[PDB]
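Before any comments, here is the structure.
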Amino acid sequence: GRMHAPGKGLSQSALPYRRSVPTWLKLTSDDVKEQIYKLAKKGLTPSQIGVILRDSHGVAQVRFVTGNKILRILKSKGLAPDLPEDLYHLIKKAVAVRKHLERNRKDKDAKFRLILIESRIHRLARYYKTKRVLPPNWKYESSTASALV
Amino acid sequence: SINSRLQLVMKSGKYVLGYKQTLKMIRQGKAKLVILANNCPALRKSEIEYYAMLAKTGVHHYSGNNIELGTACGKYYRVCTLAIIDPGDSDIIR
Amino acid sequence: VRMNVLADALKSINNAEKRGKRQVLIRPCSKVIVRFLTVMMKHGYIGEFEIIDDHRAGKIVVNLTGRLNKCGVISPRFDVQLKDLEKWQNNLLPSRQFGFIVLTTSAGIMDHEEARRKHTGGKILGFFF
Amino acid sequence: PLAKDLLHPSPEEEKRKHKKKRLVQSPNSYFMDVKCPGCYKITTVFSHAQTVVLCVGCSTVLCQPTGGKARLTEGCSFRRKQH
Amino acid sequence: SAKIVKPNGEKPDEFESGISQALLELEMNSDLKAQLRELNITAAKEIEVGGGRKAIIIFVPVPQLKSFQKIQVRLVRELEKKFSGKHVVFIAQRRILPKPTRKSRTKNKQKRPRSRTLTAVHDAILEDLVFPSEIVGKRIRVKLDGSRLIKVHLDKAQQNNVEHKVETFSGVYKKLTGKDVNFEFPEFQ
Ligand SMILES: [Mg+2]
């Protein structure tokens, strides 16, 4: 029921049986990989691309259209970010909590939401150390964090 | 805000940090966004802000620090002024 | 969380047959589920179950009959060394006259009678009777 | 009660069930192939939009996003039917 | 005449010639051409069914399958009418690697992907058979004996093409794989 909160909710995405492309679609495995390509270039996260591609554009799921999933398309060409998008969203968040804690030293609430956030960082980190996308050294540091965003 | 755009310019585009290089890049004319901070002491403000106006370059008085700029540049350090020569995909330039 | 997918399922197919429910579905599904349910099919303990193939995990839908008093699950799969098999089937089944400790040996998943014919031990899963 | 033919559930009583709770998990969402008055061009908008869908042309803006489905702008059509 | 569109180590003349000659005959044809030059089969079999009226199964290399799909409906229509009294359908020639037991070990041997494992294969075989129909969902029976009978829900779009076939497919994997399956034509969502 979530990692760090009471709320035991469920709201998630859900795909069909069918996987084969849905025939509206023109494009083809190339023209999608041409487009993911240009969006990442412009500066968007692997999530954020998947977004643009569905609402405005056409692709239910990149994964089905092309062979592989978005990250692999960026990574095998070298547009992938330094660290995982998923993580620096937490780091960027932490640094934001840090900031106003450093002006407002009363906020007891912010002093989970930091501690929790710190803990959801470390936790993440130490698979990225076993799945080896991060080198076995990198570590948080409060000071060096603000830079890392 | 100009954390996100600036961040992107550092990675992808071209730049010159601080002074003298920045002022050279205005002299040369090849720099078309000078990002001052606040805390640039007010002579240098007016003499960069003037010395760019004449070139026809956009200036920014980033709500900054010297420091909140360094940190924003992915630099780890004090940068009062900077000049952007060429952006990446970033639409920092208008 | 879902640790053991039997206990999950078997609770919900004991726990229907009390209410007299005609048939039930079991949410997570597995190979081990199928393979231990097909054992229950032979001695009659249930009827024909028809596994849905949601693309991910699986669902099953078990035709029940009246006949199952209880099925349960021994949760840690202790290793049963054939000499112990008796001492278990003493204190885990209502009589020596029926009752089936499903377990999982070298030669597949099967009841205790069939591990005894082949003369193998292995890991206890559960029991229905 | 005592006889619900779970495997052959009548079409109505899956649509009154949360998407993942159904017999097979399917979505409750859709794309719509959208006209709009100025251009004849048709964009392939996904109901649940998140972003603002702009015209392949330019000027007009199709879909303000809200909580659930997207808010189509003023006077523009759509086409479910597929798959 | 025969050998030019069937290259894989397997010659055995009989049908493979006659069927490849019908492919070659479909090249003497406007638009149904050039796209057919690139393509190429491997092997083919005649297989009977319970009803009596046998079906011709055609295999394909695999990367070409996704190009055979563009032609398939137009292809079958023409060579089914030519090579008459028979049903025709395409399958990809997949490998099926054996499982590495410890017995059959890991001396070296590059992986063994999931694509190339067992249960992926006969499942992709399904998607090759009923190209026009496309699968919507499977259920899988277990009868009280233990005989595992699959049930495949196909869609509706190009049901008309496929509805007459059905018991050919039932006959088909039962030669190829060894599994007994009947097809159902259901509701929508
Ligand atoms: Mg906890």
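Scheme for the structure tokens: letters A, B, ... for chains in order shown; per-chain residue numbers from 1; ligand numbers from 1 in order shown.
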Dump the neighbourhood of ligand 1 as a ChimeraX atom specification: all residues within 12 Å, distances computed on only C-alpha atoms and all ligand atoms.
-> /A:1-6,116,119-120,123
Select from chain B everything DSSP, run on the backbone, classes as strand (DSSP E or B), then give the selection as a list in words.
->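 Selecting the strand (DSSP E or B) positions of chain B gives residues 14, 15, 16, 17, 33, 34, 35, 36, 37, 58, 59, 60, 61, 62, 81, 82, 83, 84, 85 and 86 of chain B.
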Quick one: which chain D residues come within 10 Å of chain E, and what is the nearest atom pair for each with the distance in Å to one decimal, counting only C-alpha atoms, rows ordered by chain and ascending number, as CSV?
residue,atom,partner,partner_atom,distance
D:7,CA,E:139,CA,9.0
D:10,CA,E:187,CA,9.1
D:11,CA,E:187,CA,7.3
D:12,CA,E:189,CA,9.4
D:14,CA,E:189,CA,8.7
D:15,CA,E:189,CA,8.2
D:24,CA,E:137,CA,8.3
D:26,CA,E:189,CA,8.6
D:27,CA,E:189,CA,9.5
D:28,CA,E:189,CA,9.1
D:82,CA,E:157,CA,9.7
D:83,CA,E:157,CA,8.2
Keeping C-alpha atoms, export the residues of the selection given above as a short mmCIF file (atom, residue, chain, number, x, y, z; two decimals), in the first residue's frame.
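Output saved as selection.cif:
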data_model
loop_
_atom_site.label_atom_id
_atom_site.label_comp_id
_atom_site.auth_asym_id
_atom_site.auth_seq_id
_atom_site.Cartn_x
_atom_site.Cartn_y
_atom_site.Cartn_z
CA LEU D 7 -15.97 -16.89 -17.51
CA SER D 10 -22.49 -10.43 -19.86
CA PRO D 11 -21.04 -7.36 -21.66
CA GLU D 12 -22.76 -4.80 -19.44
CA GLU D 14 -17.67 -5.61 -17.18
CA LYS D 15 -18.23 -1.92 -18.01
CA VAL D 24 -9.28 -9.73 -18.61
CA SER D 26 -8.51 -3.98 -20.70
CA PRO D 27 -8.42 -0.14 -20.69
CA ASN D 28 -11.28 2.28 -20.47
CA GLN D 82 -11.82 0.85 -34.33
CA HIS D 83 -9.93 -2.27 -33.20
#
Could you please select, counting only C-alpha atoms, the residues of chain D within 9 Å of chain C and state them as an mmCIF file with N, CA, C and O atoms, in the first residue's frame?
data_model
loop_
_atom_site.group_PDB
_atom_site.id
_atom_site.type_symbol
_atom_site.label_atom_id
_atom_site.label_comp_id
_atom_site.auth_asym_id
_atom_site.auth_seq_id
_atom_site.Cartn_x
_atom_site.Cartn_y
_atom_site.Cartn_z
ATOM 1 N N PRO D 1 -24.437 -14.993 -6.266
ATOM 2 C CA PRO D 1 -24.753 -16.002 -5.255
ATOM 3 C C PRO D 1 -24.912 -17.412 -5.824
ATOM 4 O O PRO D 1 -25.854 -17.676 -6.575
ATOM 5 N N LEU D 2 -23.972 -18.291 -5.478
ATOM 6 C CA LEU D 2 -24.061 -19.748 -5.722
ATOM 7 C C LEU D 2 -24.120 -20.184 -7.200
ATOM 8 O O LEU D 2 -24.427 -21.344 -7.475
ATOM 9 N N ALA D 3 -23.788 -19.279 -8.127
ATOM 10 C CA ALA D 3 -23.857 -19.528 -9.578
ATOM 11 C C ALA D 3 -23.714 -18.210 -10.305
ATOM 12 O O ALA D 3 -24.708 -17.568 -10.653
ATOM 13 N N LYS D 4 -22.474 -17.791 -10.502
ATOM 14 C CA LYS D 4 -22.169 -16.624 -11.317
ATOM 15 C C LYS D 4 -21.190 -17.119 -12.366
ATOM 16 O O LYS D 4 -20.043 -17.395 -12.033
ATOM 17 N N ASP D 5 -21.642 -17.262 -13.613
ATOM 18 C CA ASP D 5 -20.794 -17.819 -14.682
ATOM 19 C C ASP D 5 -19.663 -16.845 -15.061
ATOM 20 O O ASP D 5 -19.696 -16.160 -16.087
ATOM 21 N N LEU D 6 -18.648 -16.824 -14.203
ATOM 22 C CA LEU D 6 -17.602 -15.807 -14.223
ATOM 23 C C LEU D 6 -16.912 -15.689 -15.575
ATOM 24 O O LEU D 6 -16.624 -14.589 -16.028
ATOM 25 N N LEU D 7 -16.673 -16.831 -16.215
ATOM 26 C CA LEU D 7 -15.971 -16.892 -17.509
ATOM 27 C C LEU D 7 -16.714 -16.256 -18.699
ATOM 28 O O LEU D 7 -16.085 -15.884 -19.698
ATOM 29 N N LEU D 23 -12.472 -9.518 -16.023
ATOM 30 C CA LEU D 23 -12.008 -10.878 -16.322
ATOM 31 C C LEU D 23 -10.676 -10.925 -17.042
ATOM 32 O O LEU D 23 -9.823 -11.748 -16.748
ATOM 33 N N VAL D 24 -10.556 -10.074 -18.042
ATOM 34 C CA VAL D 24 -9.282 -9.728 -18.609
ATOM 35 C C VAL D 24 -9.156 -8.232 -18.426
ATOM 36 O O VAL D 24 -10.112 -7.470 -18.606
ATOM 37 N N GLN D 25 -7.960 -7.820 -18.064
ATOM 38 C CA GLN D 25 -7.667 -6.420 -17.898
ATOM 39 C C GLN D 25 -7.608 -5.777 -19.286
ATOM 40 O O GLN D 25 -6.777 -6.155 -20.118
#
Pick out the residues sitting within 10 Å of stretch 85-96 of chain E, and hand them over as a tab-separated table (two decimals) with N, CA and C atoms, in the first residue's frame; count only C-alpha atoms, and ignore anything fewer than 2 positions along from it in its own chain.
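Okay, selection-v3.tsv is ready:
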chain	number	residue	atom	x	y	z
E	41	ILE	N	10.05	-18.40	-49.80
E	41	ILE	CA	9.67	-19.41	-48.80
E	41	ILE	C	10.86	-20.30	-48.48
E	42	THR	N	10.63	-21.28	-47.61
E	42	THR	CA	11.64	-22.25	-47.19
E	42	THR	C	11.14	-23.66	-47.50
E	43	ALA	N	10.08	-24.08	-46.80
E	43	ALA	CA	9.48	-25.41	-46.96
E	43	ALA	C	7.95	-25.30	-47.02
E	44	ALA	N	7.30	-26.43	-47.32
E	44	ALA	CA	5.84	-26.51	-47.38
E	44	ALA	C	5.36	-27.95	-47.28
E	46	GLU	N	1.66	-30.58	-47.30
E	46	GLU	CA	0.24	-30.87	-47.41
E	46	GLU	C	-0.15	-31.55	-46.12
E	48	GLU	N	-3.81	-33.12	-44.16
E	48	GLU	CA	-5.25	-33.38	-44.16
E	48	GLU	C	-5.85	-32.89	-42.86
E	53	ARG	N	-11.08	-32.32	-46.45
E	53	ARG	CA	-10.48	-31.34	-47.37
E	53	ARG	C	-9.20	-30.69	-46.84
E	54	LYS	N	-8.09	-31.39	-47.12
E	54	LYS	CA	-6.71	-31.01	-46.79
E	54	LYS	C	-6.33	-29.55	-47.06
E	55	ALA	N	-5.32	-29.09	-46.33
E	55	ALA	CA	-4.81	-27.72	-46.41
E	55	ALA	C	-3.31	-27.71	-46.65
E	56	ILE	N	-2.87	-26.70	-47.39
E	56	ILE	CA	-1.45	-26.50	-47.65
E	56	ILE	C	-0.91	-25.44	-46.68
E	57	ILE	N	0.08	-25.85	-45.89
E	57	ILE	CA	0.79	-24.96	-44.98
E	57	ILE	C	2.09	-24.53	-45.66
E	58	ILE	N	2.36	-23.23	-45.65
E	58	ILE	CA	3.58	-22.71	-46.24
E	58	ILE	C	4.40	-22.09	-45.12
E	59	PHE	N	5.69	-22.43	-45.08
E	59	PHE	CA	6.61	-21.81	-44.14
E	59	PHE	C	7.31	-20.61	-44.79
E	60	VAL	N	7.91	-19.76	-43.96
E	60	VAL	CA	8.57	-18.51	-44.38
E	60	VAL	C	9.84	-18.36	-43.50
E	61	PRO	N	10.93	-17.73	-44.01
E	61	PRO	CA	12.14	-17.51	-43.20
E	61	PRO	C	11.96	-16.92	-41.79
E	62	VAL	N	11.27	-15.77	-41.69
E	62	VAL	CA	10.84	-15.09	-40.42
E	62	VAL	C	10.90	-13.58	-40.57
E	63	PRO	N	12.06	-13.02	-40.97
E	63	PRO	CA	12.08	-11.56	-41.15
E	63	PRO	C	11.19	-11.14	-42.32
E	64	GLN	N	10.97	-12.07	-43.25
E	64	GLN	CA	10.13	-11.86	-44.41
E	64	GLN	C	8.66	-11.95	-44.05
E	65	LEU	N	8.33	-12.68	-42.98
E	65	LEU	CA	6.94	-12.81	-42.53
E	65	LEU	C	6.25	-11.45	-42.47
E	66	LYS	N	6.90	-10.45	-41.86
E	66	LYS	CA	6.29	-9.12	-41.74
E	66	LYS	C	6.09	-8.41	-43.10
E	68	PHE	N	5.45	-10.74	-45.86
E	68	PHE	CA	4.37	-11.64	-46.33
E	68	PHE	C	3.00	-11.18	-45.86
E	69	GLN	N	2.94	-10.60	-44.67
E	69	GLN	CA	1.68	-10.08	-44.16
E	69	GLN	C	1.09	-8.99	-45.09
E	72	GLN	N	-0.17	-11.32	-48.06
E	72	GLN	CA	-0.95	-12.52	-47.70
E	72	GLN	C	-2.39	-12.64	-48.22
E	73	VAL	N	-3.22	-11.62	-47.97
E	73	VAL	CA	-4.66	-11.68	-48.33
E	73	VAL	C	-4.80	-11.74	-49.85
E	75	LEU	N	-2.36	-12.60	-51.85
E	75	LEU	CA	-1.62	-13.81	-52.24
E	75	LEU	C	-2.53	-15.03	-52.17
E	76	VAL	N	-3.06	-15.29	-50.97
E	76	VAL	CA	-3.87	-16.48	-50.73
E	76	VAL	C	-5.04	-16.51	-51.71
E	77	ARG	N	-5.81	-15.41	-51.77
E	77	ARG	CA	-6.93	-15.27	-52.73
E	77	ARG	C	-6.61	-15.83	-54.12
E	79	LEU	N	-3.60	-17.75	-55.20
E	79	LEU	CA	-3.09	-19.14	-55.28
E	79	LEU	C	-4.01	-20.22	-54.68
E	80	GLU	N	-4.97	-19.81	-53.84
E	80	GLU	CA	-6.03	-20.70	-53.35
E	80	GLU	C	-6.98	-21.06	-54.49
E	81	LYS	N	-7.33	-20.04	-55.28
E	81	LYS	CA	-8.15	-20.19	-56.49
E	81	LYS	C	-7.44	-21.01	-57.59
E	82	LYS	N	-6.12	-20.82	-57.73
E	82	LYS	CA	-5.29	-21.59	-58.67
E	82	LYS	C	-5.19	-23.06	-58.25
E	83	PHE	N	-4.61	-23.26	-57.07
E	83	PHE	CA	-4.22	-24.55	-56.54
E	83	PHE	C	-5.44	-24.96	-55.71
E	98	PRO	N	16.24	-26.15	-27.57
E	98	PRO	CA	15.93	-27.02	-26.44
E	98	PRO	C	16.29	-26.35	-25.14
E	99	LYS	N	15.65	-26.77	-24.05
E	99	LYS	CA	15.90	-26.14	-22.75
E	99	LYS	C	17.23	-26.61	-22.21
E	112	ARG	N	19.78	-18.15	-25.40
E	112	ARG	CA	18.56	-18.90	-25.66
E	112	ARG	C	17.44	-17.95	-25.34
E	113	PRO	N	17.17	-17.01	-26.24
E	113	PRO	CA	16.16	-16.03	-25.90
E	113	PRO	C	14.75	-16.60	-25.73
E	114	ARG	N	13.89	-15.74	-25.24
E	114	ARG	CA	12.52	-16.05	-24.93
E	114	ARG	C	11.78	-16.16	-26.26
E	115	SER	N	12.09	-15.25	-27.19
E	115	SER	CA	11.62	-15.30	-28.59
E	115	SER	C	11.77	-16.68	-29.22
E	116	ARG	N	12.89	-17.32	-28.89
E	116	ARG	CA	13.32	-18.60	-29.44
E	116	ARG	C	13.08	-19.79	-28.51
E	117	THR	N	12.52	-19.53	-27.33
E	117	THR	CA	12.15	-20.58	-26.38
E	117	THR	C	10.94	-21.34	-26.91
E	118	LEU	N	10.39	-22.24	-26.11
E	118	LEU	CA	9.27	-23.02	-26.58
E	118	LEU	C	7.95	-22.26	-26.66
E	119	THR	N	7.41	-21.89	-25.51
E	119	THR	CA	6.02	-21.43	-25.45
E	119	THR	C	5.76	-20.13	-26.23
E	120	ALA	N	6.81	-19.33	-26.47
E	120	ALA	CA	6.74	-18.19	-27.40
E	120	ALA	C	6.43	-18.67	-28.81
E	121	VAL	N	7.14	-19.70	-29.26
E	121	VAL	CA	6.99	-20.22	-30.62
E	121	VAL	C	5.57	-20.62	-30.93
E	122	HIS	N	4.99	-21.58	-30.21
E	122	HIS	CA	3.69	-22.07	-30.68
E	122	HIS	C	2.68	-20.91	-30.55
E	124	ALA	N	3.47	-17.60	-31.16
E	124	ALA	CA	3.65	-16.79	-32.36
E	124	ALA	C	3.08	-17.51	-33.60
E	125	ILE	N	3.22	-18.84	-33.64
E	125	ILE	CA	2.53	-19.70	-34.63
E	125	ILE	C	1.03	-19.40	-34.74
E	126	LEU	N	0.39	-19.13	-33.61
E	126	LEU	CA	-1.00	-18.67	-33.60
E	126	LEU	C	-1.20	-17.37	-34.37
E	127	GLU	N	-0.36	-16.38	-34.09
E	127	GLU	CA	-0.44	-15.08	-34.78
E	127	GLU	C	-0.15	-15.20	-36.28
E	128	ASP	N	0.59	-16.23	-36.71
E	128	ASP	CA	0.85	-16.46	-38.15
E	128	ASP	C	-0.33	-17.11	-38.87
E	129	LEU	N	-0.98	-18.08	-38.21
E	129	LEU	CA	-2.16	-18.74	-38.78
E	129	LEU	C	-3.27	-17.76	-39.13
E	130	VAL	N	-3.80	-17.11	-38.10
E	130	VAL	CA	-5.02	-16.32	-38.22
E	130	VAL	C	-4.71	-14.83	-38.38
E	131	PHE	N	-3.84	-14.55	-39.34
E	131	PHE	CA	-3.38	-13.19	-39.68
E	131	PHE	C	-4.53	-12.22	-39.78
E	164	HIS	N	-14.69	-19.67	-42.41
E	164	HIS	CA	-14.77	-20.93	-43.14
E	164	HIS	C	-13.59	-21.86	-42.84
E	165	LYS	N	-12.44	-21.29	-42.48
E	165	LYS	CA	-11.22	-22.06	-42.24
E	165	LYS	C	-11.25	-22.83	-40.92
E	168	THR	N	-9.40	-26.09	-40.22
E	168	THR	CA	-8.04	-26.21	-40.75
E	168	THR	C	-7.02	-25.87	-39.64
E	169	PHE	N	-7.21	-24.75	-38.92
E	169	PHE	CA	-6.27	-24.32	-37.86
E	169	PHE	C	-6.22	-25.36	-36.75
E	172	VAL	N	-4.17	-27.84	-38.12
E	172	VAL	CA	-2.81	-27.35	-38.31
E	172	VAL	C	-1.89	-27.58	-37.12
Write out as a list in words the residues lying within 9 Å of stretch 72-76 of chain D, counting only C-alpha atoms and excluding same-chain residues fewer than 5 positions away.
-> residues 34, 35, 36, 37, 60, 61, 62, 63, 64 and 65 of chain D
Saved selection, atoms kept: N, CA, C and O atoms, as a JSON list (two decimals), in the first residue's frame:
[["chain", "number", "residue", "atom", "x", "y", "z"],
["D", 34, "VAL", "N", -9.83, 13.53, -35.04],
["D", 34, "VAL", "CA", -10.50, 14.82, -34.79],
["D", 34, "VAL", "C", -10.44, 15.83, -35.95],
["D", 34, "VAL", "O", -9.37, 16.13, -36.46],
["D", 35, "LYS", "N", -11.61, 16.40, -36.28],
["D", 35, "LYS", "CA", -11.77, 17.30, -37.43],
["D", 35, "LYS", "C", -11.26, 18.72, -37.17],
["D", 35, "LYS", "O", -10.22, 19.11, -37.69],
["D", 36, "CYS", "N", -12.01, 19.47, -36.36],
["D", 36, "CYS", "CA", -11.85, 20.93, -36.14],
["D", 36, "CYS", "C", -12.19, 21.79, -37.39],
["D", 36, "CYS", "O", -11.94, 21.36, -38.52],
["D", 37, "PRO", "N", -12.77, 23.00, -37.19],
["D", 37, "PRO", "CA", -13.47, 23.70, -38.29],
["D", 37, "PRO", "C", -12.60, 24.28, -39.42],
["D", 37, "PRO", "O", -12.97, 24.16, -40.59],
["D", 60, "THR", "N", -5.08, 27.05, -34.19],
["D", 60, "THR", "CA", -6.07, 26.51, -33.26],
["D", 60, "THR", "C", -5.44, 25.51, -32.28],
["D", 60, "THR", "O", -4.37, 24.93, -32.54],
["D", 61, "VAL", "N", -6.12, 25.33, -31.15],
["D", 61, "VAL", "CA", -5.70, 24.43, -30.07],
["D", 61, "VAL", "C", -6.88, 23.50, -29.79],
["D", 61, "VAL", "O", -7.99, 23.96, -29.55],
["D", 62, "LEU", "N", -6.64, 22.19, -29.83],
["D", 62, "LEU", "CA", -7.73, 21.23, -29.84],
["D", 62, "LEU", "C", -8.24, 20.90, -28.46],
["D", 62, "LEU", "O", -9.43, 21.05, -28.18],
["D", 63, "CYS", "N", -7.33, 20.44, -27.60],
["D", 63, "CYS", "CA", -7.72, 19.80, -26.36],
["D", 63, "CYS", "C", -7.03, 20.35, -25.14],
["D", 63, "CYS", "O", -5.89, 20.01, -24.86],
["D", 64, "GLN", "N", -7.74, 21.22, -24.42],
["D", 64, "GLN", "CA", -7.42, 21.47, -23.03],
["D", 64, "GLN", "C", -7.53, 20.12, -22.31],
["D", 64, "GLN", "O", -8.47, 19.37, -22.56],
["D", 65, "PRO", "N", -6.55, 19.78, -21.47],
["D", 65, "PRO", "CA", -6.64, 18.59, -20.63],
["D", 65, "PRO", "C", -7.28, 18.91, -19.27],
["D", 65, "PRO", "O", -7.06, 20.00, -18.73]]
If you count only C-alpha atoms, which residues fall within 7 Å of stretch 35-48 of chain A, apart from same-chain ones fewer than 5 positions away, as an MDAnalysis selection string?
-> (chainID A and resid 70:71 79 85) or (chainID B and resid 89:90)
Export of prior selection with C-alpha atoms as an mmCIF file, in the first residue's frame:
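After the write, selection27.cif holds the following:
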data_model
loop_
_atom_site.group_PDB
_atom_site.id
_atom_site.type_symbol
_atom_site.label_atom_id
_atom_site.label_comp_id
_atom_site.auth_asym_id
_atom_site.auth_seq_id
_atom_site.Cartn_x
_atom_site.Cartn_y
_atom_site.Cartn_z
ATOM 1 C CA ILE A 70 12.056 4.319 -25.329
ATOM 2 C CA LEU A 71 15.056 4.323 -23.009
ATOM 3 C CA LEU A 79 20.900 10.738 -26.005
ATOM 4 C CA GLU A 85 15.356 10.413 -15.008
ATOM 5 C CA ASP B 89 17.740 22.573 -28.339
ATOM 6 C CA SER B 90 17.128 25.025 -25.431
#
Residue hits in chain D, query chain A, radius 6 Å, only C-alpha atoms, as a list in words = residues 26, 27, 44, 45, 46, 49 and 53 of chain D
Could you please select, counting only C-alpha atoms, the residues of chain B within 10 Å of chain A and state them as a PyMOL selection string?
-> chain B and resi 3-5+7-8+12+68+70-77+88-91
With N, CA and C atoms retained, write the just-selected residues as a PDB file, in the first residue's frame.
ATOM      1  N   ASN B   3      16.439  28.101 -14.762  1.00  0.00           N
ATOM      2  CA  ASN B   3      17.292  27.058 -14.256  1.00  0.00           C
ATOM      3  C   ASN B   3      17.297  25.986 -15.339  1.00  0.00           C
ATOM      4  N   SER B   4      16.098  25.515 -15.683  1.00  0.00           N
ATOM      5  CA  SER B   4      15.885  24.415 -16.628  1.00  0.00           C
ATOM      6  C   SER B   4      16.469  24.646 -18.023  1.00  0.00           C
ATOM      7  N   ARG B   5      16.217  25.827 -18.576  1.00  0.00           N
ATOM      8  CA  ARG B   5      16.753  26.194 -19.891  1.00  0.00           C
ATOM      9  C   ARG B   5      18.262  26.289 -19.833  1.00  0.00           C
ATOM     10  N   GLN B   7      20.514  25.067 -17.611  1.00  0.00           N
ATOM     11  CA  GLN B   7      20.982  23.662 -17.472  1.00  0.00           C
ATOM     12  C   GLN B   7      21.189  22.944 -18.801  1.00  0.00           C
ATOM     13  N   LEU B   8      20.206  23.084 -19.678  1.00  0.00           N
ATOM     14  CA  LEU B   8      20.246  22.478 -20.999  1.00  0.00           C
ATOM     15  C   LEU B   8      21.314  23.105 -21.909  1.00  0.00           C
ATOM     16  N   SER B  12      24.598  21.173 -23.799  1.00  0.00           N
ATOM     17  CA  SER B  12      24.542  21.092 -25.263  1.00  0.00           C
ATOM     18  C   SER B  12      25.213  22.260 -26.000  1.00  0.00           C
ATOM     19  N   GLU B  68      23.658  31.347  -6.883  1.00  0.00           N
ATOM     20  CA  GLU B  68      22.483  30.858  -7.596  1.00  0.00           C
ATOM     21  C   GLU B  68      22.636  31.298  -9.046  1.00  0.00           C
ATOM     22  N   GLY B  70      25.933  29.904 -10.546  1.00  0.00           N
ATOM     23  CA  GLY B  70      26.940  28.872 -10.481  1.00  0.00           C
ATOM     24  C   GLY B  70      26.304  27.525 -10.308  1.00  0.00           C
ATOM     25  N   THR B  71      25.528  27.407  -9.246  1.00  0.00           N
ATOM     26  CA  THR B  71      24.734  26.222  -9.027  1.00  0.00           C
ATOM     27  C   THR B  71      23.821  25.905 -10.229  1.00  0.00           C
ATOM     28  N   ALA B  72      23.157  26.932 -10.753  1.00  0.00           N
ATOM     29  CA  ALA B  72      22.306  26.797 -11.944  1.00  0.00           C
ATOM     30  C   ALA B  72      23.063  26.410 -13.213  1.00  0.00           C
ATOM     31  N   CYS B  73      24.322  26.814 -13.318  1.00  0.00           N
ATOM     32  CA  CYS B  73      25.152  26.441 -14.460  1.00  0.00           C
ATOM     33  C   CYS B  73      25.705  25.025 -14.414  1.00  0.00           C
ATOM     34  N   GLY B  74      25.317  24.229 -13.414  1.00  0.00           N
ATOM     35  CA  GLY B  74      26.003  22.964 -13.152  1.00  0.00           C
ATOM     36  C   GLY B  74      27.473  23.141 -12.774  1.00  0.00           C
ATOM     37  N   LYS B  75      27.919  24.401 -12.666  1.00  0.00           N
ATOM     38  CA  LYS B  75      29.201  24.726 -12.095  1.00  0.00           C
ATOM     39  C   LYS B  75      28.948  24.636 -10.628  1.00  0.00           C
ATOM     40  N   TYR B  76      30.029  24.652  -9.904  1.00  0.00           N
ATOM     41  CA  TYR B  76      30.058  24.181  -8.560  1.00  0.00           C
ATOM     42  C   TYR B  76      30.552  25.366  -7.755  1.00  0.00           C
ATOM     43  N   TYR B  77      30.171  26.570  -8.220  1.00  0.00           N
ATOM     44  CA  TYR B  77      30.982  27.773  -8.006  1.00  0.00           C
ATOM     45  C   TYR B  77      30.536  29.166  -8.467  1.00  0.00           C
ATOM     46  N   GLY B  88      21.691  24.896 -27.342  1.00  0.00           N
ATOM     47  CA  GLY B  88      21.411  23.541 -27.845  1.00  0.00           C
ATOM     48  C   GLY B  88      20.017  23.480 -28.440  1.00  0.00           C
ATOM     49  N   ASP B  89      19.192  22.510 -28.024  1.00  0.00           N
ATOM     50  CA  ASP B  89      17.740  22.573 -28.339  1.00  0.00           C
ATOM     51  C   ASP B  89      17.035  23.646 -27.478  1.00  0.00           C
ATOM     52  N   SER B  90      17.645  24.000 -26.343  1.00  0.00           N
ATOM     53  CA  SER B  90      17.128  25.025 -25.431  1.00  0.00           C
ATOM     54  C   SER B  90      16.622  26.275 -26.134  1.00  0.00           C
ATOM     55  N   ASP B  91      15.357  26.632 -25.901  1.00  0.00           N
ATOM     56  CA  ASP B  91      14.873  27.967 -26.256  1.00  0.00           C
ATOM     57  C   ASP B  91      15.036  28.894 -25.051  1.00  0.00           C
TER      58      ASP B  91
END
DSSP helix (DSSP H, G or I) residues within chain D, as a ChimeraX atom specification = /D:12-15
